[PDB]
Amino acid sequence: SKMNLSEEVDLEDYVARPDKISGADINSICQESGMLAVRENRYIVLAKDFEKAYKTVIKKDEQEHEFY
Amino acid sequence: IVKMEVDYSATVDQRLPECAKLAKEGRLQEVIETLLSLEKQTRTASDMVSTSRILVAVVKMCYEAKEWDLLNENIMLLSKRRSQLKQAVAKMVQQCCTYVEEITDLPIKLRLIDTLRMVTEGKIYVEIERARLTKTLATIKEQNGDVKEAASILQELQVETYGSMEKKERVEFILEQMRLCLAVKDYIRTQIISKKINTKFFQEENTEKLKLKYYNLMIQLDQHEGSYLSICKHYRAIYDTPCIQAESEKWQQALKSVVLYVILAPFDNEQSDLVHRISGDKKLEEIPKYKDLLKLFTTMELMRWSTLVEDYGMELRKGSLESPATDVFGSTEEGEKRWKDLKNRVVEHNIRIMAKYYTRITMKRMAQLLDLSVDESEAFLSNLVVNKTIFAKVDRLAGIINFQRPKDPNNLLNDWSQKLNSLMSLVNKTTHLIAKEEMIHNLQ
Amino acid sequence: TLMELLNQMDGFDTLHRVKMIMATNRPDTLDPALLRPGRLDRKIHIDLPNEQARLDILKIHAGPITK
Amino acid sequence: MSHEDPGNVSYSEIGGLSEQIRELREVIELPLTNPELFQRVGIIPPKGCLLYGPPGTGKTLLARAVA
Amino acid sequence: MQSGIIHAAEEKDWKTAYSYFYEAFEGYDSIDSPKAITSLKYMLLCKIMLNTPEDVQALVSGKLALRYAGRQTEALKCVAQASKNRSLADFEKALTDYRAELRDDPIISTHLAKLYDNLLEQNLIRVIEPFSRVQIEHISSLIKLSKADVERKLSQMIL
Ligand SMILES: Nc1ncnc2c1ncn2[C@@H]1O[C@H](COP(=O)(O)OP(=O)(O)O)[C@@H](O)[C@H]1O
């Protein structure tokens, strides 16, 4: 929201998936991810624009199912 | 891509021509199916040359038996079966490109778009893109120039231009689409494509009819809305081309256009640099535009356009060639717009030169000098000051103006002191000069 | 030294038109702080030469050979 | 030691790494030749790329070729 | 919506109010009609307050804007096109054409009045550089207004 809705982001981008992580990703990385979600070979911020920076930085530490 | 497993060169050699004879007029589709099975066998064996030959044979059979519809779904099935071998499909499109260009027909437009749909699935920069460019250019020629296909060729060029271009073929393709874009009379997109391609220069040193053609299509684009400085810059960029190819008519008319444009451009420091650089040209003297440029460039003359339309306005009626002049001012609608653009351009020029000469000028005289009334003169005077071009203050009730900034007493006494020191230095220099000349003059 | 290198290449002030190309032999022993995206944008593994690639290299190496 | 690069051969003299060659082109040449496209994109160019693998790949040849 | 309301009243920056208003309207997507109408009205009011009415046409042409289109929405579009023309009279005409639709004191009448003052100040300042001394009824003629209101505005600026 600082960069106003990620500079006019699309609806189908919600942070439900890339944040329920349990993979640290400190606020500095969060700000970097916000500023790196910027591949825009077109007009506006979209989903395909994201997926380059949205599939990049994938979340390694996992396996909470054994604990739950 | 992948290593060949089982070759069938002997099988295709002994069977394909026999299959062609068995289906000379193409009435049999079992022959098509059995070669599909054969090329599938070679495809599973990862052989490229055999599959390519089969596809070339299949389309060749469709050419000779002229089944246009069955060709459409046949090539659709071939390109969509499993995508086969990229070398083979790239080949098959190439002979399809070679064939669609020789038969005019009505549904070749359907053939062109069908292959376009087959190649637009991706794999553009990789595995042949010049075919798609040729098909789009072929579509342009078939529809004889419209807006839909001009948009299509607009949205196609970018991928291949960035990926794999040609110093002649690609730029001509760019030149052949911007003219259609200008024919559509779209200005924002045509400006965008022109400015994104003109960054690729340093090939024009060997141009024949390419840089001039590019420029002569972007002359109309710029001058359509408001451009007058870029107009003179690329009209002199087409003036230096007859320097290496000396042809008199185009050369002289280019000189007439650039001289008229460079003066007509709004006043700025850069325009002053161009007019001074243009002036003094040895080859520019033999045209009446030489007298026009010499008069209207410097020495702050009263540019009464009512007098100029007959003193130097002969280019409108009759000159040496008068072909650019008739294009500029001899036109009816756009010509009268440029006539008004000359009418005002000399008004700001007259205001500007009056600014550096006259401090306070009465309203009647200034309006008479501007060839307008009081309200029109004050309206343009307001137009200059809002642009910060001139330092003007007017008393509207009194109708009197001033151009000198109020001198602050600090710097007022400073220039007085500088004037004093200049006098003091002059006393020192004169005293040394006269005393020494006194010494020489009394050596007797 | 590693911390100074990290805070001078990423740090607070970034570089402009400057690209770093680096190579090594043990990717696992590398510090995870350096290899995070933002400092190393792309990771490329140069694999074993292909059999036809080896053929081309052999031809290149056997160019000026009397045979 | 950074201005004494020995006379090398062209980067086209090593085969099987054309993908790595175009990776080097679109990380070095592209950002500086055409900033207008990326301006329409509105993004910063990437910073660096990593090469790793068996000790014999051609990394020194590629580094010397680009040098 | 409230955060955008507070930021809009703070007036230091309006672009962040645009983000908050859009998020509120995004939360009100065909769920609560009166709250959605207020959110989009506030969203477009701060958008025109950013002095960029060019994006208004795209914003009002959006699918959600057309879904929640109304007389108040059209009035704001007319206000935006008045800002395009830089005509304080056109803004005043649009306000009178839809008065009860935009008579709301909270961040509706206040901001429209503030914007109206901005155009008045900008129009006066734009036409005042040439004149060292100009008669004020001529100034009223250029601005296309009466004499008392122009004199009152020019005074309040100079006091
Ligand atoms: N792909 C290749 N093409 C041609 N020559 C190669 C290749 N890979 C290695 N070489 C040979 O290896 C030597 C270069 O060493 P190199 O493998 O580049 O070191 P490193 O892998 O540590 O960068 C040269 O003599 C060169 O002939």
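The name given to chain B in the PDB entry is 26S proteasome non-ATPase regulatory subunit 12, with Homo sapiens as the source organism. Here the entry title, as the record gives it, is "Co-chaperone Bag1-bound human 26S proteasome in SBAG1.2 state". In UniProt, chain B has this text filed under Subunit (literature references left out): "Component of the 19S proteasome regulatory particle complex. The 26S proteasome consists of a 20S core particle (CP) and two 19S regulatory subunits (RP). The regulatory particle is made of a lid composed of 9 subunits including PSMD12, a base containing 6 ATPases and few additional components. Interacts with ERCC6." According to the UniProt record, the Sequence similarities comment for chain B reads "Belongs to the proteasome subunit p55 family."

For chain A, the PDB entry supplies the name 26S protease regulatory subunit 6B and the organism Homo sapiens.

**Regarding the pattern of salt bridges**
Throughout the structure, instances matching the rule amount to 26 salt bridges over all chains. Linking B:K148 and B:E149 is a salt bridge whose minimum nitrogen-to-oxygen distance equals 2.5 Å.

**Some details on a nonpolar patch on the surface**
Taken together, E:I125, E:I128, E:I136, E:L154 and E:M157 make up a surface patch of nonpolar side chains, about 370 Å² in accessible area. Within the fold, E:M157 resides in helix α10 (residues 148-158).

**Comments concerning the arrangement of the chains**
By contact count, the dominant pairing among the seven pairs of chains in contact is that of chains C and D. Of all C-alpha pairs spanning chain A and chain B, none lies closer than 12 Å, and the two are not in contact. Between chain D and chain E there is no contact, and the shortest C-alpha to C-alpha distance separating them is 18 Å.

**What about helix α22 (residues 374-385) of chain B?**
For α22(B), which comprises twelve residues, the first-to-last C-alpha distance of 17 Å matches the rise-based estimate of 16 Å (1.5 Å per residue) to within 8%. Turning to α22(B), its buried residues are B:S377, B:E378, B:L381, B:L384 and B:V385. Axial view of α22(B): buried residues confined to an arc of 110°, hence all on one face. Buried positions along α22(B) lie against α20 (333-355), α21 (363-369) and β2 (400-402) of chain B together with α9 (136-143) of chain E.

**Structural notes on the packing of helix α1 (residues 9-22) of chain B against helix α2 (residues 30-44) of chain B**
Residue and element names in this part refer to chain B. Axis separation between α1 and α2 bottoms out at 10 Å; the angle between their running directions is 165°. By the angle class used here, α1 and α2 are roughly antiparallel. Every pair of crossing elements has a handedness; the one defined by α1 and α2 is left-handed. In this structure, α1 contributes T11, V12, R15, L16, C19 and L22 to the contact, and α2 contributes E30, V31, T34, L35 and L38. A breakdown of the residues in the contact of α1 with α2 according to their chemical character gives seven nonpolar, two polar and two charged.

**Some words on the packing of helix α14 (residues 248-264) of chain B against α20(B)**
Residue and element names in this part refer to chain B. For the pair α14 and α20, the least separation of the axes is 10 Å and the interaxial angle reads 50°. Regarding the angle of α14 to α20, the classification is oblique. Facing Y261, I263 and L264 of α14, the residues of α20 in contact are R338, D341, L342 and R345. Residues that form the contact of α14 with α20 fall into these classes: four nonpolar, no polar and three charged.

**Things to note about the interface of chain E and chain A**
Many analyses report the size of an interface as the accessible area lost when the parts associate. Between chain E and chain A, the contact holds nine residues from the first and five residues from the second. Joining chain E to chain A, the criterion identifies zero salt bridges. Connecting chain E to chain A are one residue pair in polar contact. In terms of residues, the side of chain E that touches chain A owes the most to one element, helix α2 (residues 15-27) of chain E, which gives seven residues. Across the side of chain E that touches chain A, the residue classes tally to two nonpolar, two polar and five charged.

**So, the sheet that holds strand β1 (residues 131-133) of chain E**
Within a sheet, neighbouring strands are paired by backbone hydrogen bonds and run either parallel or antiparallel to one another. Taken together, the three strands give an open sheet; going across it, the order is β2(B)-β1(B)-β1(E), and neighbouring strands pair in mixed fashion. A strand with exactly one partner marks an edge of an open sheet, and here the two such strands are β2 of chain B together with β1 of chain E. If you compare each strand with its neighbour and ignore which way they point, the axes differ by 30° on average. As defined by bridge partners, strand β1 (residues 393-395) of chain B adjoins β2(B) across three bridges and the pair is classed as antiparallel. Bridge assignment links B:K393 to a residue of β2(B), and that residue is B:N402.

**Quick notes on the site of the ligand**
The environment of the ligand is made up of C:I57, C:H61, D:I14, D:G15, D:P55, D:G56, D:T57, D:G58, D:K59, D:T60 and D:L61. Nearby residues around the ligand are contributed by chains C and D. One of the backbone N or O atoms of D:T57 is found 2.9 Å from an oxygen atom in the ligand. When the free accessible area of the ligand is taken as 540 Å², the share hidden by the protein chains comes to 66%. Counting only elements with at least two residues in the shell around the ligand, the list comes to α3 (51-61) of chain C together with α3 (59-66) of chain D. For the shell around the ligand, a count of residues per class yields four nonpolar, six polar and one charged.

**A look at the state of the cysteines**
Taken as a whole and judged by the stated rule, the model has zero disulfides over all chains. Take B:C96: it sits in no disulfide, and the sulfur closest to it among the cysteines is that of B:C62, at 8.7 Å.

**Details of the environment of D:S10**
Residues and elements named next belong to chain D. With respect to the helices and strands, the residue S10 is situated in the segment before α1 (18-33). Between the alpha carbons of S10 and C49 there is a distance of 21 Å; along the sequence they are 39 residues apart. Reaching out from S10, the side chain makes a polar contact with the side chain of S12 at a distance of 2.8 Å.

About the criteria used
Residues numbered from 1 in each chain as written, not as in the entry; some residues may be left out. Chains lettered and ligands numbered in written order. Part of a larger assembly, values for the part shown. Heavy atoms only, no water. Residues with missing side-chain atoms left out of burial classes, pairs and counts. UniProt positions renumbered as here; feature names shortened; annotations may be inferred. Salt bridge = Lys/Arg side-chain N within 4 Å of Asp/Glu carboxyl O. Patch = residues over 30% accessible without salt bridge, like charges linked within 9 Å, V, L, I, M, F, W, Y side chains within 5 Å. Areas by Shrake-Rupley, 256 points an atom, 1.4 Å probe, with all protein chains shown as cover. Helix = DSSP H or I, 4+ residues; strand = E, 2+ residues; numbered from the N terminus. Contact = heavy atoms within 4.5 Å. Expected span 1.5 Å × (residues − 1). Buried < 20%, exposed > 50% of the residue type's maximum accessible area, 1.4 Å probe, protein only. Arc of directions from axis to C-beta. Axes fitted to C-alpha atoms, helices over the stretch in contact; angles between N-to-C directions. Parallel < 35°, antiparallel > 145°, perpendicular 65-115°, else oblique. Left-handed = near helix turned anticlockwise from the far one by under 90°. Nonpolar A, V, L, I, M, F, W, Y, C, P; charged D, E, K, R; others polar. Polar contact = N/O pair within 3.5 Å; in protein donor to acceptor, adjacent residues only side chain to side chain. Pairing = 2+ DSSP bridges. Near = heavy atom within 4 Å. Disulfide = S-S within 2.5 Å.

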